[PDB]
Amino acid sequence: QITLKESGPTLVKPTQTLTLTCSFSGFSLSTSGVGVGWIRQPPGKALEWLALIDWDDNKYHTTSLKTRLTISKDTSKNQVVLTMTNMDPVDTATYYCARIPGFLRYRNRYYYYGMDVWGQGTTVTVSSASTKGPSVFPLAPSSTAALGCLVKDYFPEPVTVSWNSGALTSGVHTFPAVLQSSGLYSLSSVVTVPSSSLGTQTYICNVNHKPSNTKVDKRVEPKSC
């Protein structure tokens, strides 16, 4: 089978240059009609075609990105290299390479098979933020009742959240993180409890952020109002 693997940085500073390498096995870029393409996919968004390099060294690029994209190949090493300049936070995506088993051009007409074999993909994050531990705030029960705690303004991912040092598992759900305009991540974790246990049972969410060596605990209590 065909196997491609992308490699490169997983965190670049804004305005720096991203260099990605695609190493492949199972085919050759010396074969007539074969190319290697690049694709990216921001978190929760569509696939975006990026660039293609051709067995005959033809190069094609997405028009809105052509001035930032360079592509090259080394047939002897089974490698394709893509560089994207002037990286912005909106360029945070998972970057793929893939094999194009058939790509030919006759003046104005094209044959373009598509991408039959995709790589695993590598995730590149563009951020100027420095490592910061989260602040944790309680989401007091409104009065079944719902309570939780808000994990706010941390970088980078991830944080792990448990309740009562792992003693509370039933009715517990922790949401995926959001990236705010400030460049810092926020997250929530909620527990669904019977409203009759608000003044009896106690709830403590434990937040652990390994990058900043931060471990914080917060007690969620019903507000007197």
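Numbering starts at 1 and runs along the sequence shown.
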property	result
Sequence continuity check, residue 143 and residue 144 (deposited residues unmodelled)	4 to 9
Between 152-160 and 196-204 (mean CA B-factor, as deposited), the higher	196-204
Which of 4-12 and 214-222 has higher mean CA B factor, as the PDB entry lists it	214-222
Top Cα B factor in the deposited entry, candidates 41, 170, 62, 30	170
Third of the chain's Cα B-factor distribution that residue 129 belongs to, per the entry	middle
Where the record places residue 76 (Cα B-factor, split into thirds across the chain)	highest
Third of chain Cα B-factors occupied by residue 139	highest
Third assignment of residue 190 from its chain's C-alpha B-factors	highest
For residue 26, the third of its chain into which the C-alpha B factor falls	lowest
